[PDB]
Each structure stands twice: as C-alpha cells, then as structure tokens.
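Raw entry_7.csv, CSV, N, CA and C atoms:
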```csv
chain,number,residue,atom,x,y,z
Q,1,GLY,N,71.7,116.7,99.4
Q,1,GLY,CA,71.8,118.1,100.0
Q,1,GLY,C,71.0,119.1,99.3
Q,2,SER,N,69.7,119.2,99.6
Q,2,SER,CA,68.9,120.1,99.0
Q,2,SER,C,69.2,121.6,99.4
Q,3,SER,N,70.0,122.3,98.6
Q,3,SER,CA,70.4,123.6,99.0
Q,3,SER,C,69.4,124.6,98.5
Q,4,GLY,N,68.4,125.0,99.4
Q,4,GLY,CA,67.4,125.9,99.0
Q,4,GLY,C,67.9,127.3,99.0
Q,5,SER,N,67.0,128.3,99.2
Q,5,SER,CA,67.4,129.7,99.1
Q,5,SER,C,67.7,130.3,100.5
Q,6,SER,N,68.3,129.4,101.3
Q,6,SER,CA,68.7,129.8,102.7
Q,6,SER,C,70.1,130.4,102.7
Q,7,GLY,N,70.3,131.4,103.6
Q,7,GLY,CA,71.6,132.0,103.8
Q,7,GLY,C,72.6,131.1,104.4
Q,8,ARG,N,72.8,131.1,105.7
Q,8,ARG,CA,73.7,130.3,106.4
Q,8,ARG,C,73.5,128.8,106.0
Q,9,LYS,N,74.6,128.2,105.6
Q,9,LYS,CA,74.6,126.8,105.2
Q,9,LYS,C,74.8,125.9,106.4
Q,10,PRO,N,74.3,124.6,106.3
Q,10,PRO,CA,74.5,123.6,107.3
Q,10,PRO,C,76.0,123.2,107.5
Q,11,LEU,N,76.2,122.2,108.4
Q,11,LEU,CA,77.5,121.7,108.6
Q,11,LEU,C,78.1,121.1,107.4
Q,12,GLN,N,79.0,121.8,106.7
Q,12,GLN,CA,79.7,121.3,105.5
Q,12,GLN,C,81.2,121.4,105.6
Q,13,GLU,N,81.7,120.4,106.4
Q,13,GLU,CA,83.2,120.4,106.6
Q,13,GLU,C,83.9,120.0,105.3
Q,14,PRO,N,85.0,120.6,105.0
Q,14,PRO,CA,85.8,120.3,103.8
Q,14,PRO,C,86.5,119.0,103.8
Q,15,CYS,N,87.1,118.6,102.7
Q,15,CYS,CA,87.8,117.3,102.6
Q,15,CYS,C,89.2,117.5,102.1
Q,16,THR,N,90.2,117.0,102.8
Q,16,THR,CA,91.6,117.1,102.4
Q,16,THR,C,92.0,115.8,101.8
Q,17,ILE,N,92.1,115.8,100.4
Q,17,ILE,CA,92.6,114.6,99.7
Q,17,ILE,C,93.9,114.9,99.0
Q,18,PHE,N,94.7,113.8,98.8
Q,18,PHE,CA,96.0,113.9,98.2
Q,18,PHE,C,95.9,113.5,96.7
Q,19,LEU,N,96.7,114.3,95.9
Q,19,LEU,CA,96.7,114.0,94.4
Q,19,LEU,C,98.1,113.5,94.0
Q,20,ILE,N,98.1,112.8,92.9
Q,20,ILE,CA,99.4,112.3,92.4
Q,20,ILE,C,99.3,112.2,90.9
Q,21,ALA,N,100.4,112.7,90.2
Q,21,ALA,CA,100.5,112.7,88.8
Q,21,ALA,C,100.5,111.2,88.2
Q,22,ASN,N,99.6,110.9,87.3
Q,22,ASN,CA,99.5,109.6,86.7
Q,22,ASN,C,100.8,109.3,85.9
Q,23,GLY,N,101.4,108.1,86.2
Q,23,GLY,CA,102.6,107.7,85.4
Q,23,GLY,C,103.9,108.4,86.0
Q,24,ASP,N,103.7,109.0,87.2
Q,24,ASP,CA,104.9,109.6,87.9
Q,24,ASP,C,105.2,108.9,89.1
Q,25,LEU,N,106.4,108.3,89.2
Q,25,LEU,CA,106.9,107.6,90.3
Q,25,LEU,C,108.1,108.2,90.9
Q,26,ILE,N,108.3,109.5,90.8
Q,26,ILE,CA,109.4,110.2,91.3
Q,26,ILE,C,109.0,111.3,92.2
Q,27,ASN,N,107.9,112.0,91.9
Q,27,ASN,CA,107.3,113.0,92.8
Q,27,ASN,C,106.3,112.5,93.7
Q,28,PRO,N,106.3,113.0,95.0
Q,28,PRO,CA,105.3,112.6,96.0
Q,28,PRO,C,103.9,113.1,95.7
Q,29,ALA,N,103.0,113.0,96.6
Q,29,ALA,CA,101.6,113.5,96.5
Q,29,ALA,C,101.4,114.9,96.8
Q,30,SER,N,100.2,115.4,96.7
Q,30,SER,CA,99.9,116.8,96.9
Q,30,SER,C,98.6,117.0,97.7
Q,31,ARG,N,98.7,117.3,99.0
Q,31,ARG,CA,97.6,117.5,99.9
Q,31,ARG,C,96.8,118.7,99.4
Q,32,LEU,N,95.6,118.4,98.9
Q,32,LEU,CA,94.7,119.5,98.4
Q,32,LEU,C,93.3,119.4,99.1
Q,33,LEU,N,92.7,120.6,99.4
Q,33,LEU,CA,91.4,120.6,100.0
Q,33,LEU,C,90.3,121.0,99.0
Q,34,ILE,N,89.2,120.4,99.1
Q,34,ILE,CA,88.1,120.7,98.2
Q,34,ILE,C,86.8,121.1,99.0
Q,35,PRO,N,86.4,122.3,98.8
Q,35,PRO,CA,85.2,122.9,99.4
Q,35,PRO,C,83.9,122.2,99.0
Q,36,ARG,N,82.9,122.1,99.9
Q,36,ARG,CA,81.6,121.5,99.6
Q,36,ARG,C,81.0,122.2,98.4
Q,37,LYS,N,81.2,123.5,98.2
Q,37,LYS,CA,80.6,124.2,97.1
Q,37,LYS,C,81.1,123.7,95.8
Q,38,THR,N,82.3,123.2,95.8
Q,38,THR,CA,82.9,122.6,94.6
Q,38,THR,C,82.8,121.1,94.5
Q,39,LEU,N,82.8,120.5,95.7
Q,39,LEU,CA,82.6,119.0,95.7
Q,39,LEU,C,81.4,118.6,94.9
Q,40,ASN,N,80.3,119.3,95.0
Q,40,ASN,CA,79.1,119.0,94.2
Q,40,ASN,C,79.4,119.0,92.7
Q,41,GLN,N,80.2,120.0,92.3
Q,41,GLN,CA,80.5,120.1,90.9
Q,41,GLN,C,81.8,119.4,90.6
Q,42,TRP,N,81.7,118.2,90.1
Q,42,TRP,CA,82.9,117.4,89.8
Q,42,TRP,C,83.9,118.1,88.9
Q,43,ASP,N,83.3,118.8,87.9
Q,43,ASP,CA,84.0,119.6,86.9
Q,43,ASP,C,84.9,120.6,87.6
Q,44,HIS,N,84.4,121.2,88.6
Q,44,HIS,CA,85.1,122.2,89.4
Q,44,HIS,C,86.3,121.6,90.1
Q,45,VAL,N,86.1,120.4,90.5
Q,45,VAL,CA,87.2,119.7,91.2
Q,45,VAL,C,88.4,119.5,90.3
Q,46,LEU,N,88.2,118.9,89.1
Q,46,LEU,CA,89.3,118.7,88.2
Q,46,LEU,C,90.0,120.0,87.9
Q,47,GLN,N,89.3,121.1,87.8
Q,47,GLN,CA,89.8,122.4,87.5
Q,47,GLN,C,90.8,122.9,88.6
Q,48,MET,N,90.6,122.3,89.8
Q,48,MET,CA,91.5,122.6,91.0
Q,48,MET,C,92.6,121.6,91.1
Q,49,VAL,N,92.3,120.3,90.8
Q,49,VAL,CA,93.2,119.2,90.9
Q,49,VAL,C,94.4,119.5,90.0
Q,50,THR,N,94.1,120.1,88.8
Q,50,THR,CA,95.2,120.3,87.9
Q,50,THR,C,96.2,121.3,88.4
Q,51,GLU,N,95.7,122.3,89.1
Q,51,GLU,CA,96.6,123.4,89.7
Q,51,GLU,C,97.7,122.7,90.5
Q,52,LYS,N,97.4,121.6,91.1
Q,52,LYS,CA,98.3,120.9,92.0
Q,52,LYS,C,99.1,119.8,91.1
Q,53,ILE,N,98.3,119.1,90.3
Q,53,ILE,CA,98.9,118.1,89.5
Q,53,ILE,C,98.6,118.3,88.0
Q,54,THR,N,99.6,119.0,87.4
Q,54,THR,CA,99.5,119.4,85.9
Q,54,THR,C,100.1,118.3,85.1
Q,55,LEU,N,99.3,117.4,84.5
Q,55,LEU,CA,99.7,116.4,83.6
Q,55,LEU,C,100.4,116.9,82.4
Q,56,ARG,N,101.4,116.3,81.9
Q,56,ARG,CA,102.2,116.7,80.7
Q,56,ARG,C,101.2,116.7,79.5
Q,57,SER,N,100.2,115.9,79.6
Q,57,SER,CA,99.2,115.8,78.5
Q,57,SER,C,98.3,117.0,78.5
Q,58,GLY,N,98.2,117.7,79.6
Q,58,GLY,CA,97.4,118.9,79.8
Q,58,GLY,C,96.8,119.0,81.2
Q,59,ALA,N,95.5,118.8,81.3
Q,59,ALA,CA,94.8,118.9,82.6
Q,59,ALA,C,94.2,117.5,83.0
Q,60,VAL,N,93.6,117.5,84.2
Q,60,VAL,CA,93.0,116.3,84.7
Q,60,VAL,C,91.5,116.2,84.2
Q,61,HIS,N,91.1,115.0,83.9
Q,61,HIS,CA,89.7,114.7,83.5
Q,61,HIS,C,89.0,113.7,84.4
Q,62,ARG,N,89.8,112.9,85.1
Q,62,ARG,CA,89.3,111.9,85.9
Q,62,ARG,C,90.3,111.5,87.0
Q,63,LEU,N,89.8,111.0,88.1
Q,63,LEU,CA,90.7,110.6,89.2
Q,63,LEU,C,90.7,109.0,89.4
Q,64,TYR,N,91.7,108.5,90.0
Q,64,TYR,CA,91.9,107.1,90.2
Q,64,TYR,C,92.6,106.8,91.5
Q,65,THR,N,92.0,105.9,92.4
Q,65,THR,CA,92.6,105.6,93.6
Q,65,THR,C,93.7,104.6,93.5
Q,66,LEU,N,94.4,104.3,94.6
Q,66,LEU,CA,95.6,103.4,94.5
Q,66,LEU,C,95.1,102.0,94.3
Q,67,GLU,N,93.8,101.7,94.5
Q,67,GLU,CA,93.2,100.4,94.3
Q,67,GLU,C,92.8,100.2,92.9
Q,68,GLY,N,92.7,101.3,92.1
Q,68,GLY,CA,92.2,101.2,90.7
Q,68,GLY,C,90.8,101.6,90.5
Q,69,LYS,N,90.2,102.4,91.5
Q,69,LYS,CA,88.9,102.8,91.4
Q,69,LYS,C,88.7,104.1,90.6
Q,70,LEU,N,87.5,104.3,90.1
Q,70,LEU,CA,87.3,105.5,89.3
Q,70,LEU,C,86.3,106.5,89.9
Q,71,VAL,N,86.7,107.7,90.2
Q,71,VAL,CA,85.9,108.7,90.8
Q,71,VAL,C,85.3,109.7,89.8
Q,72,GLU,N,84.1,109.5,89.3
Q,72,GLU,CA,83.5,110.3,88.3
Q,72,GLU,C,82.9,111.6,89.0
Q,73,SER,N,82.6,111.5,90.3
Q,73,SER,CA,82.0,112.6,91.1
Q,73,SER,C,82.6,112.6,92.5
Q,74,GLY,N,82.2,113.6,93.3
Q,74,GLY,CA,82.7,113.8,94.6
Q,74,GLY,C,82.0,112.8,95.6
Q,75,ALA,N,81.5,111.7,95.1
Q,75,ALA,CA,80.9,110.7,95.9
Q,75,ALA,C,81.8,109.6,96.3
Q,76,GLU,N,82.8,109.3,95.5
Q,76,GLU,CA,83.8,108.3,95.8
Q,76,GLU,C,85.0,108.9,96.6
Q,77,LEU,N,85.0,110.2,96.7
Q,77,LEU,CA,86.1,110.8,97.5
Q,77,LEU,C,86.1,110.4,98.9
Q,78,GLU,N,87.1,110.8,99.7
Q,78,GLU,CA,87.2,110.5,101.1
Q,78,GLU,C,88.0,111.6,101.9
Q,79,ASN,N,88.0,111.4,103.2
Q,79,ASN,CA,88.7,112.4,104.0
Q,79,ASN,C,90.1,111.9,104.4
Q,80,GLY,N,91.1,112.4,103.8
Q,80,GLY,CA,92.5,112.0,104.1
Q,80,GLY,C,92.9,110.7,103.3
Q,81,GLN,N,92.5,110.7,102.0
Q,81,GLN,CA,92.9,109.6,101.2
Q,81,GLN,C,93.8,110.0,100.0
Q,82,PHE,N,94.4,109.0,99.3
Q,82,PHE,CA,95.3,109.3,98.2
Q,82,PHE,C,94.6,109.0,96.9
Q,83,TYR,N,94.8,109.8,95.9
Q,83,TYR,CA,94.2,109.6,94.5
Q,83,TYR,C,95.2,110.0,93.4
Q,84,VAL,N,94.9,109.6,92.2
Q,84,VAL,CA,95.8,109.9,91.1
Q,84,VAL,C,95.0,110.7,90.0
Q,85,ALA,N,95.7,111.6,89.4
Q,85,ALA,CA,95.1,112.5,88.4
Q,85,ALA,C,95.3,111.9,87.0
Q,86,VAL,N,94.3,111.3,86.4
Q,86,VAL,CA,94.4,110.7,85.1
Q,86,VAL,C,93.7,111.6,84.0
Q,87,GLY,N,94.5,112.0,83.0
Q,87,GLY,CA,93.9,112.8,81.9
Q,87,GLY,C,93.2,112.0,80.9
Q,88,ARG,N,93.5,112.3,79.6
Q,88,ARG,CA,92.8,111.6,78.5
Q,88,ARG,C,93.6,110.4,78.1
Q,89,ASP,N,94.1,109.7,79.1
Q,89,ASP,CA,94.8,108.4,79.0
Q,89,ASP,C,94.3,107.3,79.9
Q,90,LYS,N,94.9,106.1,79.8
Q,90,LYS,CA,94.5,105.0,80.6
Q,90,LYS,C,95.1,105.1,82.0
Q,91,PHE,N,94.5,104.4,83.0
Q,91,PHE,CA,95.1,104.4,84.3
Q,91,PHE,C,96.3,103.5,84.4
Q,92,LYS,N,97.4,104.1,84.7
Q,92,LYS,CA,98.7,103.3,84.8
Q,92,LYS,C,98.9,102.8,86.2
Q,93,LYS,N,98.1,101.8,86.6
Q,93,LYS,CA,98.2,101.3,87.9
Q,93,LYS,C,99.6,101.2,88.4
Q,94,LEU,N,100.1,102.2,89.1
Q,94,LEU,CA,101.5,102.2,89.6
Q,94,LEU,C,101.5,102.3,91.2
Q,95,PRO,N,102.6,101.8,91.8
Q,95,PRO,CA,102.8,101.8,93.2
Q,95,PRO,C,102.9,103.2,93.8
Q,96,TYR,N,101.9,103.8,94.4
Q,96,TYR,CA,101.9,105.1,95.0
Q,96,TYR,C,102.1,105.0,96.5
Q,97,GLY,N,101.6,104.0,97.1
Q,97,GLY,CA,101.7,103.8,98.5
Q,97,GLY,C,103.1,103.9,99.0
Q,98,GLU,N,104.1,103.7,98.1
Q,98,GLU,CA,105.5,103.8,98.5
Q,98,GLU,C,106.0,105.2,98.4
Q,99,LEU,N,105.5,106.0,97.5
Q,99,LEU,CA,105.9,107.4,97.3
Q,99,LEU,C,105.5,108.2,98.5
Q,100,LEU,N,104.4,107.8,99.2
Q,100,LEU,CA,103.9,108.5,100.4
Q,100,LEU,C,104.9,108.5,101.5
Q,101,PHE,N,105.3,107.3,102.0
Q,101,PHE,CA,106.3,107.3,103.0
Q,101,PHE,C,107.7,107.0,102.4
Q,102,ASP,N,108.5,108.0,102.3
Q,102,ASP,CA,109.9,107.9,101.8
Q,102,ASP,C,110.5,106.6,102.2
Q,103,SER,N,111.4,106.1,101.4
Q,103,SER,CA,112.1,104.8,101.7
Q,103,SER,C,113.5,104.8,101.1
Q,104,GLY,N,114.5,104.5,101.9
Q,104,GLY,CA,115.8,104.5,101.5
Q,104,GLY,C,116.0,103.9,100.1
Q,105,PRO,N,116.6,104.6,99.2
Q,105,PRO,CA,116.8,104.2,97.8
Q,105,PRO,C,117.8,103.0,97.7
Q,106,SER,N,117.7,102.2,96.6
Q,106,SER,CA,118.6,101.1,96.4
Q,106,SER,C,119.9,101.5,95.7
Q,107,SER,N,119.7,102.1,94.5
Q,107,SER,CA,120.8,102.6,93.8
Q,107,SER,C,121.6,103.7,94.5
Q,108,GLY,N,122.7,103.4,95.0
Q,108,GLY,CA,123.5,104.4,95.7
Q,108,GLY,C,124.9,103.9,96.1
```

Encoding of this model in structure tokens:
Amino acid sequence: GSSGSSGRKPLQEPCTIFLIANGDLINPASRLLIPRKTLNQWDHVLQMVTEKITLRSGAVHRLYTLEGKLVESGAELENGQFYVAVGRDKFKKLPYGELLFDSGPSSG
C-alpha cells in the first residue's frame, strides 16, 4: 500500500477483531476495531489492544490466535476473528472457543 502524498485515501475498510486476556478462562472476548492507519503500525495496535485487554503483567506486546499462531504484524490479522493478548510471557494455549459461546456450567 504505497501511501503517497495524495489526499483522499483508497478503499481501506477497517477490521473488527476480538481480543482475549492470556491465561484468563473466566472473562469473554472483546470486539475491537483497528483502523488501516494503525494496522500498518503493529506497535499502534498493541497500544489499543491493551485498552481492551489489560494484562495483569502490564500491557500487550504480541498476539496469539486460538490455533497457537503468532501475529507480529497486521498481516496475520483477519476480519471477524478471535485472538489472545500475550505480554512478556509464554502463550498459554487455553480453550477460548468455549468462552465465545456461553455454555451451561457444570458446578451448580
């Protein structure tokens, strides 16, 4: 996307991705939108992802999909997908697909 010195920008539709606190299996996800202006700047993304998912360790430094993928930039992102906010720790591959669609609890 060679962004020259042109005013009106081309078709740049935003992306709505869901975030989830790493190591958290009690709270659901968080539908957050990322503008194309920020998508390019991965650093800018994490700065916003934290606002929705504030890790106890601090802020977010990297993202991880439910499959265990690593998104270092806005190239691995998708439209309407789920991701996890991983800080300065290891990816705790946990079941998130369940937190999405509520499910009757066992202990009761």

Task: Test item, strand (DSSP E or B) assignment across chain Q, answer as number ranges by chain - done: Q: 15-19, 21, 30-34, 62-65, 70-71, 82-86

Task: Gap from atom N of residue 102 of chain Q to atom N of residue 17 of chain Q - Å, one decimal - done: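 Interatomic distance, atom N of residue 102 of chain Q to atom N of residue 17 of chain Q: 18.3 Å.
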
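For the residues Q:15, Q:51, Q:66, Q:73, ranking by smallest atom-to-atom distance to residue 97 of chain Q using only N, CA and C atoms places Q:66 first.
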
Open item on the list: So the first atom is atom C of residue 61 of chain Q and the second is atom N of residue 79 of chain Q; what is the distance between them in Å, to one decimal place?
Closed with: 19.0 Å

TODO: Name the residues in contact with segment 33-44 of chain Q at a cut-off of 12 Å, using only C-alpha atoms, excluding same-chain residues fewer than 3 positions from it; report them as number ranges by chain.
DONE: Q: 1-3, 9-19, 30, 47-52, 59-63, 71-81

Open item on the list: Could you go through chain Q and tell me which residues DSSP, when run on the backbone, assigns to helix (DSSP H, G or I), listing them as a ChimeraX atom specification?
Closed with: /Q:36-39,42-52,97-100

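For the pair atom N of residue 89 of chain Q and atom N of residue 70 of chain Q, the interatomic distance is 13.9 Å.
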
Task: Counting all atoms listed in the file, the residue of Q:53, Q:100, Q:93, Q:45 that sits nearest residue 67 of chain Q - done: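 Checking each candidate against residue 67 of chain Q, we get Q:93 as the closest.
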